[PDB]
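K.L.:
This structure is in structure tokens; I'll ask about it shortly.
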Amino acid sequence: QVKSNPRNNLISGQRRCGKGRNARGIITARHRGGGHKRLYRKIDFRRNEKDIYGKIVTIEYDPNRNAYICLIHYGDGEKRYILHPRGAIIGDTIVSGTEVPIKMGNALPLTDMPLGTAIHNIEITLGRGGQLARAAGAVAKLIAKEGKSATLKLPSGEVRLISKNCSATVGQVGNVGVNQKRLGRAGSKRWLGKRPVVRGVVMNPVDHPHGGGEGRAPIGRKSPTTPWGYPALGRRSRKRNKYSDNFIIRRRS
Amino acid sequence: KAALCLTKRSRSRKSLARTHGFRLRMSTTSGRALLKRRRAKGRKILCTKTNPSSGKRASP
RNA sequence: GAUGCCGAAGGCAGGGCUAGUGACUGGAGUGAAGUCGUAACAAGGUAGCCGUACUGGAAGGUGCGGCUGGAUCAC
RNA sequence: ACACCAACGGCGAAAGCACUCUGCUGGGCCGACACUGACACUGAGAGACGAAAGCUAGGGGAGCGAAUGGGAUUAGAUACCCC
RNA sequence: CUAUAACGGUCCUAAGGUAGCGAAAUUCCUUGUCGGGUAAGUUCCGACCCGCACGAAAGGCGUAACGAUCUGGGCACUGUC
RNA sequence: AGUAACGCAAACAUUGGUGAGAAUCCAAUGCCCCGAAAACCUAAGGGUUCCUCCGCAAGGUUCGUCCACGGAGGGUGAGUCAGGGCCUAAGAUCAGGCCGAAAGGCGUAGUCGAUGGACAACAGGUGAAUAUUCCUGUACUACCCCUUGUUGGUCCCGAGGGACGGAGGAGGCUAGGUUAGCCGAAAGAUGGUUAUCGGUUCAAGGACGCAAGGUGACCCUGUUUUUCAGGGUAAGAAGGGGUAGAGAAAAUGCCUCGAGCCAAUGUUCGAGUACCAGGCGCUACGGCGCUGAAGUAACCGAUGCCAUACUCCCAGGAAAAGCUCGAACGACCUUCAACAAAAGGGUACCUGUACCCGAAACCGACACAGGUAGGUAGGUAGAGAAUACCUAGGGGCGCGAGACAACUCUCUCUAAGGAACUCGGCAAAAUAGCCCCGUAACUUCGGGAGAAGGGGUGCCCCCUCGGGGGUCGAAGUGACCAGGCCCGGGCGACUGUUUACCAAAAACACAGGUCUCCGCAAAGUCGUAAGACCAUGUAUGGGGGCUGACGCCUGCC
RNA sequence: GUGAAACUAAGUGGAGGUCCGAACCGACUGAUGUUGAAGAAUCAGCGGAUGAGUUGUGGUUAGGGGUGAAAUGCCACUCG
RNA sequence: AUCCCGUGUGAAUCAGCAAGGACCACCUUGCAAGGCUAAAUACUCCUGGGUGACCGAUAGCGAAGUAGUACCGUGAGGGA
Ligand SMILES: [Mg+2]
Ligand SMILES: [Mg+2]
Ligand SMILES: [Mg+2]
Ligand SMILES: [Mg+2]
Ligand SMILES: [Mg+2]
Ligand SMILES: [Mg+2]
Ligand SMILES: [Mg+2]
Ligand SMILES: [Mg+2]
Ligand SMILES: [Mg+2]
Ligand SMILES: [Mg+2]
Ligand SMILES: [Mg+2]
Ligand SMILES: [Mg+2]
Ligand SMILES: [Mg+2]
Ligand SMILES: [Mg+2]
Ligand SMILES: [Mg+2]
Ligand SMILES: [Mg+2]
Ligand SMILES: [Mg+2]
Ligand SMILES: [Mg+2]
Ligand SMILES: [Mg+2]
Ligand SMILES: [Mg+2]
Ligand SMILES: [Mg+2]
Ligand SMILES: [Mg+2]
Ligand SMILES: [Mg+2]
Ligand SMILES: [Mg+2]
Ligand SMILES: [Mg+2]
Ligand SMILES: [Mg+2]
Ligand SMILES: [Mg+2]
Ligand SMILES: [Mg+2]
Ligand SMILES: [Mg+2]
Ligand SMILES: [Mg+2]
Ligand SMILES: [Mg+2]
Ligand SMILES: [Mg+2]
Ligand SMILES: [Mg+2]
Ligand SMILES: [Mg+2]
Ligand SMILES: [Mg+2]
Ligand SMILES: [Mg+2]
Ligand SMILES: [Mg+2]
Ligand SMILES: [Mg+2]
Ligand SMILES: [Mg+2]
Ligand SMILES: [Mg+2]
Ligand SMILES: [Mg+2]
Ligand SMILES: [Mg+2]
Ligand SMILES: [Mg+2]
Ligand SMILES: [Mg+2]
Ligand SMILES: [Mg+2]
Ligand SMILES: [Mg+2]
Ligand SMILES: [Mg+2]
Ligand SMILES: [Mg+2]
Ligand SMILES: [Mg+2]
Ligand SMILES: [Mg+2]
Ligand SMILES: [Mg+2]
Ligand SMILES: [Mg+2]
Ligand SMILES: [Mg+2]
Ligand SMILES: [Mg+2]
Ligand SMILES: [Mg+2]
Ligand SMILES: [Mg+2]
Ligand SMILES: [Mg+2]
Ligand SMILES: [Mg+2]
Ligand SMILES: [Mg+2]
Ligand SMILES: [Mg+2]
Ligand SMILES: [Mg+2]
Ligand SMILES: [Mg+2]
Ligand SMILES: [Mg+2]
Ligand SMILES: [Mg+2]
Ligand SMILES: [Mg+2]
Ligand SMILES: [Mg+2]
Ligand SMILES: [Mg+2]
Ligand SMILES: [Mg+2]
Ligand SMILES: [Mg+2]
Ligand SMILES: [Mg+2]
Ligand SMILES: [Mg+2]
Ligand SMILES: [Mg+2]
Ligand SMILES: [Mg+2]
Ligand SMILES: [Mg+2]
Ligand SMILES: [Mg+2]
Ligand SMILES: [Mg+2]
Ligand SMILES: [Mg+2]
Ligand SMILES: [Mg+2]
Ligand SMILES: [Mg+2]
Ligand SMILES: [Mg+2]
Ligand SMILES: [Mg+2]
Ligand SMILES: [Mg+2]
Ligand SMILES: [Mg+2]
Ligand SMILES: [Mg+2]
Ligand SMILES: [Mg+2]
Ligand SMILES: [Mg+2]
Ligand SMILES: [Mg+2]
Ligand SMILES: [Mg+2]
Ligand SMILES: [Mg+2]
Ligand SMILES: [Mg+2]
Ligand SMILES: [Mg+2]
Ligand SMILES: [Mg+2]
Ligand SMILES: [Mg+2]
Ligand SMILES: [Mg+2]
Ligand SMILES: [Mg+2]
Ligand SMILES: [Mg+2]
Ligand SMILES: [Mg+2]
Ligand SMILES: [Mg+2]
Ligand SMILES: [Mg+2]
Ligand SMILES: [Mg+2]
Ligand SMILES: [Mg+2]
Ligand SMILES: [Mg+2]
Ligand SMILES: [Mg+2]
Ligand SMILES: [Mg+2]
Ligand SMILES: [Mg+2]
Ligand SMILES: [Mg+2]
Ligand SMILES: [Mg+2]
Ligand SMILES: [Mg+2]
Ligand SMILES: [Mg+2]
Ligand SMILES: [Mg+2]
Ligand SMILES: [Mg+2]
Ligand SMILES: [Mg+2]
Ligand SMILES: [Mg+2]
Ligand SMILES: [Mg+2]
Ligand SMILES: [Mg+2]
Ligand SMILES: [Mg+2]
Ligand SMILES: [Mg+2]
Ligand SMILES: [Mg+2]
Ligand SMILES: [Mg+2]
Ligand SMILES: [Mg+2]
Ligand SMILES: [Mg+2]
Ligand SMILES: [Mg+2]
Ligand SMILES: [Mg+2]
Ligand SMILES: [Mg+2]
Ligand SMILES: [Mg+2]
Ligand SMILES: [Mg+2]
Ligand SMILES: [Mg+2]
Ligand SMILES: [Mg+2]
Ligand SMILES: [Mg+2]
Ligand SMILES: [Mg+2]
Ligand SMILES: [Mg+2]
Ligand SMILES: [Mg+2]
Ligand SMILES: [Mg+2]
Ligand SMILES: [Mg+2]
Ligand SMILES: [Mg+2]
Ligand SMILES: [Mg+2]
Ligand SMILES: [Mg+2]
Ligand SMILES: [Mg+2]
Ligand SMILES: [Mg+2]
Ligand SMILES: [Mg+2]
Ligand SMILES: [Mg+2]
Ligand SMILES: [Mg+2]
Ligand SMILES: [Mg+2]
Ligand SMILES: [Mg+2]
Ligand SMILES: [Mg+2]
Ligand SMILES: [Mg+2]
Ligand SMILES: [Mg+2]
Ligand SMILES: [Mg+2]
Ligand SMILES: [Mg+2]
Ligand SMILES: [Mg+2]
Ligand SMILES: [Mg+2]
Ligand SMILES: [Mg+2]
Ligand SMILES: [Mg+2]
Ligand SMILES: [Mg+2]
Ligand SMILES: [Mg+2]
Ligand SMILES: [Mg+2]
Ligand SMILES: [Mg+2]
Ligand SMILES: [Mg+2]
Ligand SMILES: [Mg+2]
Ligand SMILES: [Mg+2]
Ligand SMILES: [Mg+2]
Ligand SMILES: [Mg+2]
Ligand SMILES: [Mg+2]
Ligand SMILES: [Mg+2]
Ligand SMILES: [Mg+2]
Ligand SMILES: [Mg+2]
Ligand SMILES: [Mg+2]
Ligand SMILES: [Mg+2]
Ligand SMILES: [Mg+2]
Ligand SMILES: [Mg+2]
Ligand SMILES: [Mg+2]
Ligand SMILES: [Mg+2]
Ligand SMILES: [Mg+2]
Ligand SMILES: [Mg+2]
Ligand SMILES: [Mg+2]
Ligand SMILES: [Mg+2]
Ligand SMILES: [Mg+2]
Ligand SMILES: [Mg+2]
Ligand SMILES: [Mg+2]
Ligand SMILES: [Mg+2]
Ligand SMILES: [Mg+2]
Ligand SMILES: [Mg+2]
Ligand SMILES: [Mg+2]
Ligand SMILES: [Mg+2]
Ligand SMILES: [Mg+2]
Ligand SMILES: [Mg+2]
Ligand SMILES: [Mg+2]
Ligand SMILES: [Mg+2]
Ligand SMILES: [Mg+2]
Ligand SMILES: [Mg+2]
Ligand SMILES: [Mg+2]
Ligand SMILES: [Mg+2]
Ligand SMILES: [Mg+2]
Ligand SMILES: [Mg+2]
Ligand SMILES: [Mg+2]
Ligand SMILES: [Mg+2]
């Protein structure tokens, strides 16, 4: 399950460093900072190298995502990491291509997938690399396919069209019990580089739209508000006309 | 544990001239205005914080 | 004579068991006659009963399952 | 959830179990002497199973439907009836 | 029998405070009344409810551990007296 | 107003000396203080304060013959120590490029940037002021020089490596220390005594070497599995070789060879006519010349070394160069040209280097009861880097002398009482270590708990490896050090955080809960824009709002 | 212990925003100080002390801003 | 009106076109959508002459001597 190897060439130290500071150096994404140093594992999301026979040597921990990751070999000797599929065991064999068996960890275009399958690691764009359903226990069913377009039900529940020529991988993503963890203490959050958050109602009127009333503030604001002055609850922020809209059918519920 | 007045501590001259030093005033436009301004008043020393890269005053 | 060991009351301390008592409060029983209703016994006027959950001033009501110690009709 | 089959029928220790199929498996009964030769019956404590409702955690949610709301009925209706 | 009101009538609203708690960090009148602790108690603990003006995620009610917390009492101890 | 004060309550004293002048300057003898510093050294900083001679106007909280003050004259020596001639992190600048009234903003290669990687030196001596720098010994890097051996080497490129956490304990060791043994000296006016006092040191480096250490697969039998003993298995460890695929090396797959390997430390050289107790002689009585005995052993024992060695954990633990290896592609250079080796000789870039640095020299306007990273870590008691008393080493606080009123402050003690004090037991006093017995309600079953409460404790002999006997004292963890506890309630679950300099809490945070947004050219945030963050992430994820562990719940409009 | 499992002494193990306590970080109470020895200290006590720890060096964020476990706190004795 | 600009439409060549303070007629005046040009005018970090009902060391320049010095400030800056 978890045993540390030496470092394969896939593990580097190069990275953005200030978390949540942009160019201007300002904090943009709040609450980050602190927390253990990490190294970047170079995942292979594309899986674009076709028609060679890959073998899972080990299963390893990754700090960066909550899934697991597998070191896989080839006969050619190239080594990649892949996301760990759910139920896959060391010694297993995987392959990507067009005409391929359908089993755990194999990767194929959506032209060749039998309907009803459970998929992860889904490209929305040809050769761009896999994007959708990359987290622990995440999975998406391929419900129907018609014309040049295939239909999925994403782990958010949202049903959406994508291209039939985009690669994807069978099997759900491993390490399913990760959200069953209970951190138990403050320190355990801080280890993840997630700093403490101050409730709006608490800060002074200059600092935030629910500002100090005398004793304890109900929010008098006629509405719950962002730090920046927008309605906090149920105001849809999706760009009205965004290009994706023809593709999206039912919205997550 | 140290008094408020202690704002100026012992700090490596290297670090200071990497802040107020000469070669830094030369970078920005506003700095060049600085140096024209000081030359106008005609001060004996243009950059107070400065430092030899190597020499008797050198910080390693 | 002195002294060591063991030594009863006496002292302190926490325990176990029981006696009495206590502002207030929960129900039980008997009071012809009071109030509110009419749940049960006839198909008791929505069939009844058992377990159980929710709710109702109160007897209760409904749900889910079970049984006939159910009438009417089927024989 | 499984019409007809369904029956005063079958199996199960009881609870229960029924569209169809296949696989793993528990018993029951019957006919033979093939064999052991009383190894039996019950059971304090103890164990396992145990309708429905209920609860914890995660899913799922069409119909039905406690609670709840409206409409009536009624002296009243926190019920029967309806949505 | 004095009392109180499970019960009914009426008014008005979008609807009229349920569980639980309650003289409270909330109680004005007020040192409420009762019980306890003290020789004596405006504080303290338990309870009553007549909640000026508790109340259910501006959470309600419990709660072991914890606190240079706030608040009452007791033994030891002392120039605090 | 000739008033307050003269900057801690470590403490001075006397005899000489210099001098016009001495509580204050020098020396001697005592006494006292620090000793996880008030000691020695190094980073930063300061900038000549360092040393010598002269001076005593001002400075110095008094004095002053003195000085961190003033005047003159000196002083810092490196192939190896620290930086640069090497490499990259955060970060910075950024050719071209994108955007922008201008100034400029973003950003790629590049280039900067140590607090990190890489890389070679130690002992003794001299010494008014420097010493891993100068001198004498042995060392070591990098170049050049010759001999020999090969013919292609060099860069670009492909690779291996460099290269990495926390916690825990067990080893194996040294550094230090203590006691013996050896050697030398000793009479220190006392009742006794030599039981006393000193010495017993040596580095980097080079050769060797490694078990009772640590690691080296499985199976059977026993030793508690372990340290072990017999057998067997056939790569089964460091470590090597071969092959195969587009395939040099590498990675990867198959085949094969190897029972040892690891590294602190240790032995030997270095290393003795070094160093040194004393001994002899001179005294400008400051210091100096001369000769030198022994130089081993045992037991304590690290927080240092092996060591990124193990075992466990989740929060999963830098990059690049030097270094090792290597075909094709490109560029350049080519014969006494280049590269490869073991000897031998030779050769040796800048800058820092004084002094102070738990400070009268830095930072606090002061010669200010303060702040300031790192290194080294002796004795007796002690669990200890606490405390107490000491060594090495350094100091006696830059005003004294008296007298001994009130009063204020820092402290000791107080008859009888014991919270009567007071807003309030505020402040004091009390308790305390170790071993033994004992230990409640309540509970989330972890706790509560060192609950409470009790006993024992010194010094001698005797027994077993704790028990008995004696004996002092008013008192035995006799000093220092070192918990007061119990019963209730409110608030907040908890450790945490906070108003630098009047508030540390019941405020904030929190694990947990729940609502809403967001399908990746995401939502959100920052920018005029380019773009940046979010994220090299992808709904078990990212925003935002309220509440705040766990338990029971969360009603109506 | 049963056939599987549960349950319970034992040893080993060495978890912990565990405990006591120096260094170190703080700043709870008192006393002194108030033309201070000091523009926030000394004295005696006091809290944390393997962590949401402390600190060094070198960096980042800048005023229609920044940062904030949120006090209008902090941004060179200056901060609605 | 004249003049000059963003977005959009968009003419006429001298029998034309523009101006004459909405606009139209008539007359008068002029020839946009290409450039360049001296003098009279503004000023004093200064240079050379001249004058002063200007100062005379608290004045006159901040500065009659180390003056943008000493000193203060991290720095911009203050400044005898
Ligand atoms: Mg790595
Ligand atoms: Mg590597
Ligand atoms: Mg920047
Ligand atoms: Mg939260
Ligand atoms: Mg919060
Ligand atoms: Mg506030
Ligand atoms: Mg902000
Ligand atoms: Mg506002
Ligand atoms: Mg408000
Ligand atoms: Mg209020
Ligand atoms: Mg200066
Ligand atoms: Mg007795
Ligand atoms: Mg008793
Ligand atoms: Mg009653
Ligand atoms: Mg009754
Ligand atoms: Mg009666
Ligand atoms: Mg009835
Ligand atoms: Mg009935
Ligand atoms: Mg009946
Ligand atoms: Mg009902
Ligand atoms: Mg109903
Ligand atoms: Mg029924
Ligand atoms: Mg039967
Ligand atoms: Mg059925
Ligand atoms: Mg069968
Ligand atoms: Mg027989
Ligand atoms: Mg029985
Ligand atoms: Mg059961
Ligand atoms: Mg059920
Ligand atoms: Mg319920
Ligand atoms: Mg459920
Ligand atoms: Mg429904
Ligand atoms: Mg219905
Ligand atoms: Mg109704
Ligand atoms: Mg509704
Ligand atoms: Mg009605
Ligand atoms: Mg009456
Ligand atoms: Mg009514
Ligand atoms: Mg009524
Ligand atoms: Mg009515
Ligand atoms: Mg109405
Ligand atoms: Mg309504
Ligand atoms: Mg209504
Ligand atoms: Mg009520
Ligand atoms: Mg009720
Ligand atoms: Mg009550
Ligand atoms: Mg009262
Ligand atoms: Mg309350
Ligand atoms: Mg009230
Ligand atoms: Mg009152
Ligand atoms: Mg009484
Ligand atoms: Mg009373
Ligand atoms: Mg009182
Ligand atoms: Mg009360
Ligand atoms: Mg109210
Ligand atoms: Mg409230
Ligand atoms: Mg509310
Ligand atoms: Mg609350
Ligand atoms: Mg409590
Ligand atoms: Mg605390
Ligand atoms: Mg006692
Ligand atoms: Mg007194
Ligand atoms: Mg006078
Ligand atoms: Mg006077
Ligand atoms: Mg006087
Ligand atoms: Mg005086
Ligand atoms: Mg004074
Ligand atoms: Mg003094
Ligand atoms: Mg001492
Ligand atoms: Mg000193
Ligand atoms: Mg020194
Ligand atoms: Mg230095
Ligand atoms: Mg000088
Ligand atoms: Mg001197
Ligand atoms: Mg003088
Ligand atoms: Mg003087
Ligand atoms: Mg003289
Ligand atoms: Mg001098
Ligand atoms: Mg960089
Ligand atoms: Mg730039
Ligand atoms: Mg450019
Ligand atoms: Mg770059
Ligand atoms: Mg450099
Ligand atoms: Mg360095
Ligand atoms: Mg070096
Ligand atoms: Mg170098
Ligand atoms: Mg010296
Ligand atoms: Mg030397
Ligand atoms: Mg030398
Ligand atoms: Mg030598
Ligand atoms: Mg060499
Ligand atoms: Mg390379
Ligand atoms: Mg490192
Ligand atoms: Mg050890
Ligand atoms: Mg030794
Ligand atoms: Mg001895
Ligand atoms: Mg002897
Ligand atoms: Mg004698
Ligand atoms: Mg001796
Ligand atoms: Mg050696
Ligand atoms: Mg050699
Ligand atoms: Mg061995
Ligand atoms: Mg090869
Ligand atoms: Mg080959
Ligand atoms: Mg190989
Ligand atoms: Mg030993
Ligand atoms: Mg330690
Ligand atoms: Mg250390
Ligand atoms: Mg490790
Ligand atoms: Mg070539
Ligand atoms: Mg070679
Ligand atoms: Mg030197
Ligand atoms: Mg030196
Ligand atoms: Mg002094
Ligand atoms: Mg001082
Ligand atoms: Mg000091
Ligand atoms: Mg010691
Ligand atoms: Mg002790
Ligand atoms: Mg000892
Ligand atoms: Mg000490
Ligand atoms: Mg001494
Ligand atoms: Mg005196
Ligand atoms: Mg006196
Ligand atoms: Mg007394
Ligand atoms: Mg007495
Ligand atoms: Mg007494
Ligand atoms: Mg008493
Ligand atoms: Mg009292
Ligand atoms: Mg009193
Ligand atoms: Mg009194
Ligand atoms: Mg006290
Ligand atoms: Mg005391
Ligand atoms: Mg006493
Ligand atoms: Mg004791
Ligand atoms: Mg004592
Ligand atoms: Mg016991
Ligand atoms: Mg209990
Ligand atoms: Mg316990
Ligand atoms: Mg308690
Ligand atoms: Mg105990
Ligand atoms: Mg005790
Ligand atoms: Mg207790
Ligand atoms: Mg005792
Ligand atoms: Mg005792
Ligand atoms: Mg005794
Ligand atoms: Mg005897
Ligand atoms: Mg005895
Ligand atoms: Mg005695
Ligand atoms: Mg005794
Ligand atoms: Mg104490
Ligand atoms: Mg203690
Ligand atoms: Mg309490
Ligand atoms: Mg209560
Ligand atoms: Mg109260
Ligand atoms: Mg708290
Ligand atoms: Mg604690
Ligand atoms: Mg802080
Ligand atoms: Mg404060
Ligand atoms: Mg603070
Ligand atoms: Mg506090
Ligand atoms: Mg706060
Ligand atoms: Mg976006
Ligand atoms: Mg979510
Ligand atoms: Mg969130
Ligand atoms: Mg709250
Ligand atoms: Mg709650
Ligand atoms: Mg509970
Ligand atoms: Mg142990
Ligand atoms: Mg702790
Ligand atoms: Mg203790
Ligand atoms: Mg305070
Ligand atoms: Mg203190
Ligand atoms: Mg402490
Ligand atoms: Mg304490
Ligand atoms: Mg404590
Ligand atoms: Mg502690
Ligand atoms: Mg820990
Ligand atoms: Mg750090
Ligand atoms: Mg700090
Ligand atoms: Mg803060
Ligand atoms: Mg300033
Ligand atoms: Mg400030
Ligand atoms: Mg303020
Ligand atoms: Mg015109
Ligand atoms: Mg005009
Ligand atoms: Mg016009
Ligand atoms: Mg314009
Ligand atoms: Mg035209
Ligand atoms: Mg004209
Ligand atoms: Mg024209
Ligand atoms: Mg025009
Ligand atoms: Mg023109
Ligand atoms: Mg022009
Ligand atoms: Mg004058
Ligand atoms: Mg003047
Ligand atoms: Mg004059």
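Ordered as shown in the structure tokens, chains take letters A, B, and onward, while each chain numbers its residues from 1 and ligands are numbered from 1 in the order shown.
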Would you mind listing the residues within 9 Å of ligand 78, counting only C-alpha atoms (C1' of nucleotides) and all ligand atoms, as a PyMOL selection string?
P.N.:
chain F and resi 49+67-71
K.L.:
Compute the chain B side of the contact with chain G at 7 Å, counting only C-alpha atoms (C1' of nucleotides), and hand it back as number ranges by chain.
P.N.:
B: 4-5, 7
K.L.:
Using only C-alpha atoms (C1' of nucleotides) and all ligand atoms for the distances, tell me which of F:553, F:491, F:436, F:332 is nearest to ligand 58.
P.N.:
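Nearest candidate to ligand 58 out of F:553, F:491, F:436, F:332: F:491.
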K.L.:
Find the spatial neighbours of residue 8 in chain A, counting only C-alpha atoms (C1' of nucleotides), within a cut-off of 12 Å - ignore same-chain residues fewer than 3 positions away - and output them as number ranges by chain.
P.N.:
A: 4-5, 11-12, 39-42, 60, 71-73, 78-81; F: 163, 251
K.L.:
Could you write out the selected residues, including N, CA, C and O atoms (P, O5', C5', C4', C3', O3' and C1' of nucleotides), as a PDB file, in the first residue's frame?
P.N.:
ATOM      1  N   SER A   4       7.920   3.801   0.847  1.00  0.00           N
ATOM      2  CA  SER A   4       8.737   4.780   0.131  1.00  0.00           C
ATOM      3  C   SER A   4       9.848   4.133  -0.696  1.00  0.00           C
ATOM      4  O   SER A   4      10.622   3.318  -0.189  1.00  0.00           O
ATOM      5  N   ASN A   5       9.911   4.494  -1.975  1.00  0.00           N
ATOM      6  CA  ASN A   5      10.996   4.056  -2.849  1.00  0.00           C
ATOM      7  C   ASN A   5      12.120   5.096  -2.850  1.00  0.00           C
ATOM      8  O   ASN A   5      12.014   6.125  -2.178  1.00  0.00           O
ATOM      9  N   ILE A  11      10.212  12.728  -9.884  1.00  0.00           N
ATOM     10  CA  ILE A  11       9.981  13.544  -8.701  1.00  0.00           C
ATOM     11  C   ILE A  11      10.943  14.710  -8.582  1.00  0.00           C
ATOM     12  O   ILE A  11      12.123  14.511  -8.290  1.00  0.00           O
ATOM     13  N   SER A  12      10.428  15.926  -8.788  1.00  0.00           N
ATOM     14  CA  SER A  12      11.266  17.124  -8.723  1.00  0.00           C
ATOM     15  C   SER A  12      10.850  18.114  -7.658  1.00  0.00           C
ATOM     16  O   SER A  12       9.804  17.983  -7.025  1.00  0.00           O
ATOM     17  N   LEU A  39       7.128  17.606  -2.860  1.00  0.00           N
ATOM     18  CA  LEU A  39       7.754  17.511  -4.170  1.00  0.00           C
ATOM     19  C   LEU A  39       6.737  17.201  -5.247  1.00  0.00           C
ATOM     20  O   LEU A  39       5.720  16.562  -4.989  1.00  0.00           O
ATOM     21  N   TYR A  40       7.009  17.655  -6.461  1.00  0.00           N
ATOM     22  CA  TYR A  40       6.062  17.444  -7.527  1.00  0.00           C
ATOM     23  C   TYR A  40       6.282  16.099  -8.179  1.00  0.00           C
ATOM     24  O   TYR A  40       7.374  15.814  -8.662  1.00  0.00           O
ATOM     25  N   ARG A  41       5.247  15.268  -8.195  1.00  0.00           N
ATOM     26  CA  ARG A  41       5.294  14.054  -8.994  1.00  0.00           C
ATOM     27  C   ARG A  41       4.773  14.377 -10.367  1.00  0.00           C
ATOM     28  O   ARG A  41       3.713  14.980 -10.503  1.00  0.00           O
ATOM     29  N   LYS A  42       5.487  13.946 -11.394  1.00  0.00           N
ATOM     30  CA  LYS A  42       5.008  14.211 -12.727  1.00  0.00           C
ATOM     31  C   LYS A  42       4.112  13.059 -13.111  1.00  0.00           C
ATOM     32  O   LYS A  42       4.571  11.964 -13.438  1.00  0.00           O
ATOM     33  N   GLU A  60       2.210   4.188  -4.479  1.00  0.00           N
ATOM     34  CA  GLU A  60       2.875   5.167  -3.660  1.00  0.00           C
ATOM     35  C   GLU A  60       1.988   6.313  -3.237  1.00  0.00           C
ATOM     36  O   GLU A  60       0.917   6.562  -3.794  1.00  0.00           O
ATOM     37  N   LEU A  71       3.520   3.687  -9.856  1.00  0.00           N
ATOM     38  CA  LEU A  71       4.670   3.624 -10.733  1.00  0.00           C
ATOM     39  C   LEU A  71       4.441   2.481 -11.680  1.00  0.00           C
ATOM     40  O   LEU A  71       4.201   1.348 -11.252  1.00  0.00           O
ATOM     41  N   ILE A  72       4.471   2.781 -12.969  1.00  0.00           N
ATOM     42  CA  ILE A  72       4.362   1.722 -13.932  1.00  0.00           C
ATOM     43  C   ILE A  72       5.564   1.704 -14.857  1.00  0.00           C
ATOM     44  O   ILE A  72       6.135   2.755 -15.222  1.00  0.00           O
ATOM     45  N   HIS A  73       5.948   0.478 -15.198  1.00  0.00           N
ATOM     46  CA  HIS A  73       7.049   0.224 -16.095  1.00  0.00           C
ATOM     47  C   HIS A  73       6.522  -0.113 -17.464  1.00  0.00           C
ATOM     48  O   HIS A  73       5.312  -0.254 -17.657  1.00  0.00           O
ATOM     49  N   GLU A  78      10.781   2.791 -20.081  1.00  0.00           N
ATOM     50  CA  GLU A  78      10.231   4.062 -19.659  1.00  0.00           C
ATOM     51  C   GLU A  78       9.412   3.844 -18.404  1.00  0.00           C
ATOM     52  O   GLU A  78       8.746   2.817 -18.262  1.00  0.00           O
ATOM     53  N   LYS A  79       9.465   4.797 -17.482  1.00  0.00           N
ATOM     54  CA  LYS A  79       8.617   4.712 -16.308  1.00  0.00           C
ATOM     55  C   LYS A  79       7.699   5.907 -16.253  1.00  0.00           C
ATOM     56  O   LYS A  79       8.136   7.037 -16.466  1.00  0.00           O
ATOM     57  N   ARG A  80       6.421   5.660 -15.982  1.00  0.00           N
ATOM     58  CA  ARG A  80       5.487   6.765 -15.764  1.00  0.00           C
ATOM     59  C   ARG A  80       4.784   6.618 -14.428  1.00  0.00           C
ATOM     60  O   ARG A  80       4.788   5.552 -13.819  1.00  0.00           O
ATOM     61  N   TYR A  81       4.169   7.693 -13.972  1.00  0.00           N
ATOM     62  CA  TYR A  81       3.171   7.554 -12.938  1.00  0.00           C
ATOM     63  C   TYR A  81       1.803   7.581 -13.564  1.00  0.00           C
ATOM     64  O   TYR A  81       1.587   8.289 -14.544  1.00  0.00           O
TER      65      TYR A  81
ATOM     66  P     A F 163      24.560  14.862  -1.522  1.00  0.00           P
ATOM     67  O5'   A F 163      23.268  13.937  -1.576  1.00  0.00           O
ATOM     68  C5'   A F 163      22.236  14.106  -0.616  1.00  0.00           C
ATOM     69  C4'   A F 163      20.880  13.780  -1.183  1.00  0.00           C
ATOM     70  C3'   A F 163      20.785  12.473  -1.979  1.00  0.00           C
ATOM     71  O3'   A F 163      19.535  11.827  -1.703  1.00  0.00           O
ATOM     72  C1'   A F 163      20.043  14.276  -3.306  1.00  0.00           C
ATOM     73  P     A F 251      20.738   1.479 -14.833  1.00  0.00           P
ATOM     74  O5'   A F 251      19.162   1.389 -15.061  1.00  0.00           O
ATOM     75  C5'   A F 251      18.301   2.427 -14.613  1.00  0.00           C
ATOM     76  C4'   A F 251      17.089   2.543 -15.497  1.00  0.00           C
ATOM     77  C3'   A F 251      16.277   1.268 -15.661  1.00  0.00           C
ATOM     78  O3'   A F 251      15.388   1.034 -14.575  1.00  0.00           O
ATOM     79  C1'   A F 251      16.670   2.217 -17.782  1.00  0.00           C
TER      80        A F 251
END
